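S.K.: One structure is given below, represented as structure tokens, and several questions about it will come after.
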Amino acid sequence: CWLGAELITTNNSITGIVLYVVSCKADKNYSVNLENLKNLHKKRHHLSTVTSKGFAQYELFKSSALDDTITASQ
Amino acid sequence: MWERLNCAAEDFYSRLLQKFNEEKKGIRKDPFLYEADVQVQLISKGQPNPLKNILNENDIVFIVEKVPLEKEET
Amino acid sequence: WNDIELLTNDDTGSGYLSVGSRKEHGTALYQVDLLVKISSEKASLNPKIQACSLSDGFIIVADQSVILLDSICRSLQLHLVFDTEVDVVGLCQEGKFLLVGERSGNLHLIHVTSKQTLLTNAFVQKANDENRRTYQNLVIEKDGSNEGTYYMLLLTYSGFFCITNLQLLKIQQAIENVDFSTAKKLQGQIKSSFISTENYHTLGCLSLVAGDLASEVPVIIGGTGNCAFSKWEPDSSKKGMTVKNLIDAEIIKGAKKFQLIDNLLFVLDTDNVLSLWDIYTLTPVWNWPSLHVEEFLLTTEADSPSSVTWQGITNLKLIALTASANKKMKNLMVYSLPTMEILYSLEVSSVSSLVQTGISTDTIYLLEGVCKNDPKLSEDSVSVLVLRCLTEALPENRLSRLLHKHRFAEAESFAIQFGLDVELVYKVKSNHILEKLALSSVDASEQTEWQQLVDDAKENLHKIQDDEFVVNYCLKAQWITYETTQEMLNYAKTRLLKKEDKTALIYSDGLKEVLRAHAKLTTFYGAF
Amino acid sequence: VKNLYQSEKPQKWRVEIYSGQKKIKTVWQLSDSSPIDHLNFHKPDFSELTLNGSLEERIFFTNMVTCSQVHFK
Amino acid sequence: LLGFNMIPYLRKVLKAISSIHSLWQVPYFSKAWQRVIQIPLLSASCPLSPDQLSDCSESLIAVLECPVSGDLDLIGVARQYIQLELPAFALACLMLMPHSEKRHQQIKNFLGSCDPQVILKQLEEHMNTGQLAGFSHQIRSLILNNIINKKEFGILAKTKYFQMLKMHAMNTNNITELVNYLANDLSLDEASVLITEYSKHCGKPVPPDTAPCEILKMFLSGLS
């Protein structure tokens, strides 16, 4: 769904580029091994270490209306 | 295959640099039309960034998109 | 081609057979040796030559005579003359079985050490043309799910054969333990499945490559027609391969030859233009449109497939058969990836082929067509086939493939033999062991793994007499425990202090960085 | 506010595996809604389908942000 | 400057030049630090006047401000503080060594001969003021970790620090031995409340209205 291209800058010099390939899947089942993802990261770009950052968005409140929303302010 | 690749890449680099120069001078403009069906928008902090849905680390970035097609008349 | 003469390395500096008007430009580190010399009683006007150098042996494919020699190319193993021109060849079972794919469509499984055509099967009953090859590529690979079994990809003009249940080890056992009834029973149990590319490759498939990445089997087929590239992967829920990726024939109309070293799909298009591709998603990484490479061969001192990953981009010396301005002459170049620096230039005849070597060969093999010195015979007519071996006997040329492929054991002896710098091998091994130390973390089970590498790195640092390099390695070493980090920084400080007691305290960057690391040594412990 | 996200499912959960700099990353993310602002994957058409006490079917959207590192020298 | 016995002026000059790399390698630099640190300590004696305690703090700061303090004899300065009846100040100098094994041996031999409660009281009264507040908590973390490792919970159990010894079990995740000591050698109420607080801290709260024995049982099953 997205094709990315981010340069690798070392001391403000272009020493490389990162060609992002973002894919999206629509499936009711979700399960994958974190070790498999770490191994893929190690073997695809040939880097040494792996660190995993976790992010989560818990929607606490959304303004409800008696009609479908058109106004941008919410 | 020779000019339509190198010259096009250089023209695209020039358009992107012009967009950065316009952005850094305090003038935000509409997504400039590099081609007929292609428009490139320099989304920074102050404009909505769709990539934040998939990557929170992208703040100032070019989004290349298809020009929003308007409905045809009789 | 029947007149076979096998020559060793000592017969190279005593005579040559070559066509004149050859120009060589480059360093003298490249040595061209004449190993095999095959003369024919009839001078072929335009022989369709081929050569492959596998670990099981060396195959020379003439018009109809197949010559099977050993990997050293000094002993005659087999010589078979057929009435049908052989298109593809391939060795299996330590070179004891030869698969001969004739142009009519017959595959012959022939025992090498007995000269007996054990099996003959007409896998295709339709011979499309007797002047153009029917079988394109013959890839034999070892199955990882069955012991003593091979799986075989045969690229054809209308699709590809996936042939499994190749229990050739048991066939060889039934040959040794004399029971040919069971050998024929096992030959009849071979499972062939043809998958048609007629719905995607309407103009015939040109090249096929198979690999094992991302816990899959990416089979990339490059041909002309509706789609230039077809990526087939085995369906885990079925018996066969399905298409996973498709590239349209818009930018590149097709692929003539593939070479997959590791995560790098070097694609030669239909325009004789080489390019670099990433096999994971087939994205444009690099292109080489300036060099009209008719055929490219990548040769390196292979030690392990993972050795290329950790030592940059110098892995391969590209042997490219460039088509120069001469219509009688082709030009073999050695380039350094990816800067394309001309390391070696050789002028080779119009009928000259780069030998299709694997990822286990260490030397460069070339099949050269040399015509006898006769004004009545044109230079295009080949009367002698010569095997040219390119050996980089002079140092600093094989050493490039030694230090890159993590071959420090052989590199140490190579440096000792020529009196080279052995300390540099230890310097590179130090960086490799530094990364190996980073291959571990704070775990309850990996304690010994990094601990043994600590002693290995200590031995390497003790063997390296350059104090500044040791101090910088210490300052840039990634450790997992605070105790070891403190001890090794203390050792680095002590080594710097010892050498300054006799040189009137010469100021160096190592001491300045060690002191500021010590300033952050206790700060990190007290803060985090 | 630990009791507020222990009773709510996350609208998006993301794991980002990287090395050193964040230029090279591998992201695995699961979102109950569509994370794409230009595409919409086919949810089942809830017409003549389940319209009873049974719950509506939900298709979770999983996206994998990968990349390819190219060395410029 | 030291020839004229200007110890504080020499200290000020050294701290003024403690940011230049060239002057860090002067042969008298580490020699100047050692005497400036020790002479006020040698002149001082019990009881400690506010001026003498301030001078001891100045000597400890000079140990801190010295970038090559690892080249100084910190065991000697620690023993001088011992002669001043200042175990906390001695442990502060002992902790700053660049050698790990000798530091661990010396700290284990030292903390086994001094009362931890007095050291913590000295840390609270004087070490938490001035510029030494950030290092006092680390000395305290070392002391409490050693107490937990030595199964010496009974020393601070009768004092106010035991509850503090509780919370340090929270932060360093060293609660197993403290929980075992409370469940076996002491009342089960303090062990049950301790485990409840640990569960509340880690995001896996134990439901209330639970018997202390049951809470101990889930804690023991949670360690496997």
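Residues in the structure tokens are named by chain (A, B, ... in the order shown) and by number from 1 within that chain; ligands are numbered from 1 in the order shown.
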What residues in chain B have any atom no more than 12 Å from chain C when counting only C-alpha atoms, and can you write them as a list in words?
M.R.: residues 1, 2 and 5 of chain B
S.K.: Skip range 52-56 of chain B itself and residues of its chain fewer than 5 positions away, then list as a PDB file with N, CA, C and O atoms, in the first residue's frame all residues within 9 Å of it, counting only C-alpha atoms.
M.R.:
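That gives us part05.pdb:
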ATOM      1  N   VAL A  22       5.672  -1.202   2.472  1.00  0.00           N
ATOM      2  CA  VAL A  22       4.629  -1.382   3.474  1.00  0.00           C
ATOM      3  C   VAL A  22       3.523  -2.225   2.854  1.00  0.00           C
ATOM      4  O   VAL A  22       2.933  -1.840   1.839  1.00  0.00           O
TER       5      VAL A  22
ATOM      6  N   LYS D  12      -4.775   0.199  17.850  1.00  0.00           N
ATOM      7  CA  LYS D  12      -3.619  -0.258  17.093  1.00  0.00           C
ATOM      8  C   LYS D  12      -2.532  -0.691  18.065  1.00  0.00           C
ATOM      9  O   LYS D  12      -2.255   0.003  19.050  1.00  0.00           O
ATOM     10  N   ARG D  14       1.511  -2.018  17.869  1.00  0.00           N
ATOM     11  CA  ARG D  14       2.639  -1.985  16.950  1.00  0.00           C
ATOM     12  C   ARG D  14       3.893  -2.468  17.659  1.00  0.00           C
ATOM     13  O   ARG D  14       4.168  -2.054  18.790  1.00  0.00           O
ATOM     14  N   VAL D  27       8.357  -3.353  11.146  1.00  0.00           N
ATOM     15  CA  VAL D  27       7.192  -3.013  11.953  1.00  0.00           C
ATOM     16  C   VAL D  27       6.100  -4.037  11.682  1.00  0.00           C
ATOM     17  O   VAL D  27       5.753  -4.293  10.524  1.00  0.00           O
ATOM     18  N   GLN D  29       2.171  -4.476  12.817  1.00  0.00           N
ATOM     19  CA  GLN D  29       1.116  -3.736  13.491  1.00  0.00           C
ATOM     20  C   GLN D  29      -0.236  -4.373  13.205  1.00  0.00           C
ATOM     21  O   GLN D  29      -0.486  -4.866  12.102  1.00  0.00           O
ATOM     22  N   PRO D  35      -5.925   0.866   8.596  1.00  0.00           N
ATOM     23  CA  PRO D  35      -4.852   1.853   8.759  1.00  0.00           C
ATOM     24  C   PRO D  35      -4.453   2.556   7.471  1.00  0.00           C
ATOM     25  O   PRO D  35      -3.452   3.280   7.468  1.00  0.00           O
ATOM     26  N   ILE D  36      -5.200   2.364   6.386  1.00  0.00           N
ATOM     27  CA  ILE D  36      -4.867   2.922   5.080  1.00  0.00           C
ATOM     28  C   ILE D  36      -5.897   3.987   4.735  1.00  0.00           C
ATOM     29  O   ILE D  36      -7.107   3.736   4.800  1.00  0.00           O
ATOM     30  N   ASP D  37      -5.419   5.174   4.370  1.00  0.00           N
ATOM     31  CA  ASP D  37      -6.281   6.295   4.022  1.00  0.00           C
ATOM     32  C   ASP D  37      -6.542   6.394   2.523  1.00  0.00           C
ATOM     33  O   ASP D  37      -7.224   7.326   2.085  1.00  0.00           O
ATOM     34  N   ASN D  63      -0.690  -5.068   9.211  1.00  0.00           N
ATOM     35  CA  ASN D  63       0.207  -4.461   8.236  1.00  0.00           C
ATOM     36  C   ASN D  63       1.654  -4.659   8.667  1.00  0.00           C
ATOM     37  O   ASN D  63       1.990  -4.519   9.852  1.00  0.00           O
ATOM     38  N   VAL D  65       5.367  -3.335   7.866  1.00  0.00           N
ATOM     39  CA  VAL D  65       6.254  -2.336   7.282  1.00  0.00           C
ATOM     40  C   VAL D  65       7.651  -2.941   7.219  1.00  0.00           C
ATOM     41  O   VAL D  65       8.331  -3.072   8.241  1.00  0.00           O
TER      42      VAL D  65
END
S.K.: Could you work out which residues of chain E fall inside 9 Å of chain C? Count only C-alpha atoms, and format the result as a PyMOL selection string.
M.R.: chain E and resi 21-22+25+67-68+70+96-101+134-135+137-138
S.K.: How would the residues just chosen look if you wrote them out with C-alpha atoms as a compact mmCIF listing (two decimals), in the first residue's frame?
M.R.:
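Output file selection.txt follows:
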# COMPACT_ATOMS: atom_id res chain seq x y z
CA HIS E 21 42.81 17.53 28.93
CA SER E 22 46.43 18.71 28.70
CA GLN E 25 48.49 14.40 32.70
CA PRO E 67 38.66 12.90 36.51
CA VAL E 68 41.63 10.65 37.40
CA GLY E 70 40.74 6.13 39.94
CA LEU E 96 34.23 5.20 43.15
CA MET E 97 37.09 2.82 42.34
CA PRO E 98 37.59 1.70 38.71
CA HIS E 99 38.47 -1.87 39.79
CA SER E 100 35.40 -4.04 40.28
CA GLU E 101 36.63 -7.17 42.10
CA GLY E 134 22.34 12.01 43.94
CA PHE E 135 25.18 9.76 45.13
CA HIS E 137 20.75 7.22 47.03
CA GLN E 138 23.21 5.03 45.10
S.K.: In Å, with one decimal, what is the gap from CA of residue 362 in chain C to CA of residue 331 in chain C?
M.R.: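 So the answer is 21.6 Å.
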S.K.: Residues within 12 Å of residue 174 in chain E, please, as number ranges by chain. Count only C-alpha atoms; anything in the same chain fewer than 4 positions from it doesn't count.
M.R.: E: 141, 144-149, 151, 165-170, 178-180, 198, 223
S.K.: Can you list every residue of chain A that has an atom at most 8 Å from chain D, with its nearest atom pair and the distance in Å to one decimal, using only C-alpha atoms, ordered by chain then number, as a tab-separated table?
M.R.:
residue	atom	partner	partner_atom	distance
A:1	CA	D:36	CA	7.6
A:4	CA	D:67	CA	7.8
A:6	CA	D:23	CA	7.1
A:7	CA	D:23	CA	7.9
A:8	CA	D:23	CA	6.8
A:14	CA	D:72	CA	6.8
A:15	CA	D:72	CA	4.8
A:16	CA	D:72	CA	4.1
A:17	CA	D:70	CA	5.3
A:18	CA	D:69	CA	4.8
A:19	CA	D:68	CA	4.9
A:20	CA	D:67	CA	3.7
A:21	CA	D:67	CA	5.0
A:22	CA	D:65	CA	4.2
A:23	CA	D:64	CA	5.3
A:24	CA	D:63	CA	3.9
A:25	CA	D:62	CA	5.0
A:26	CA	D:61	CA	4.6
A:27	CA	D:59	CA	5.6
A:28	CA	D:59	CA	4.6
A:29	CA	D:60	CA	7.4
A:30	CA	D:62	CA	7.3
A:37	CA	D:26	CA	7.6
A:38	CA	D:17	CA	6.7
A:41	CA	D:26	CA	6.2
A:44	CA	D:68	CA	7.6
A:45	CA	D:69	CA	6.0
A:47	CA	D:19	CA	6.8
A:48	CA	D:19	CA	7.3
A:49	CA	D:19	CA	5.4
A:50	CA	D:19	CA	5.2
A:51	CA	D:17	CA	5.3
A:52	CA	D:17	CA	4.3
A:53	CA	D:16	CA	5.1
A:54	CA	D:15	CA	4.8
A:55	CA	D:14	CA	5.0
A:56	CA	D:13	CA	4.5
A:57	CA	D:12	CA	5.3
A:58	CA	D:10	CA	4.5
A:59	CA	D:11	CA	6.4
A:60	CA	D:4	CA	7.4
S.K.: Give as a ChimeraX atom specification every residue of chain C that touches chain D within 12 Å, counting only C-alpha atoms.
M.R.: /C:263-264,276-286,312-314,337-339,438
S.K.: Output the contact residues of chain E with respect to chain D at a cut-off of 12 Å, based on only C-alpha atoms, as a ChimeraX atom specification.
M.R.: /E:200-205
S.K.: Okay, now the selection with C-alpha atoms, as a PDB file, in the first residue's frame?
M.R.:
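Contents of again-v4.pdb, freshly written:
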ATOM      1  CA  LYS E 200      -0.039  -3.731  42.225  1.00  0.00           C
ATOM      2  CA  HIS E 201       3.314  -2.355  41.032  1.00  0.00           C
ATOM      3  CA  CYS E 202       3.821  -4.870  38.200  1.00  0.00           C
ATOM      4  CA  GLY E 203       0.376  -4.459  36.631  1.00  0.00           C
ATOM      5  CA  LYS E 204      -0.918  -7.874  37.760  1.00  0.00           C
ATOM      6  CA  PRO E 205      -2.847  -6.994  40.927  1.00  0.00           C
TER       7      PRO E 205
END
S.K.: CA of residue 65 in chain C and CA of residue 83 in chain C are how many Å apart?
M.R.: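 Value for the CA of residue 65 in chain C-CA of residue 83 in chain C distance: 9.0 Å.
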S.K.: Counting only C-alpha atoms, which residue out of D:54, D:44, D:22, D:49 sits closest to chain B?
M.R.: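 Smallest separation from chain B among the options: D:22.
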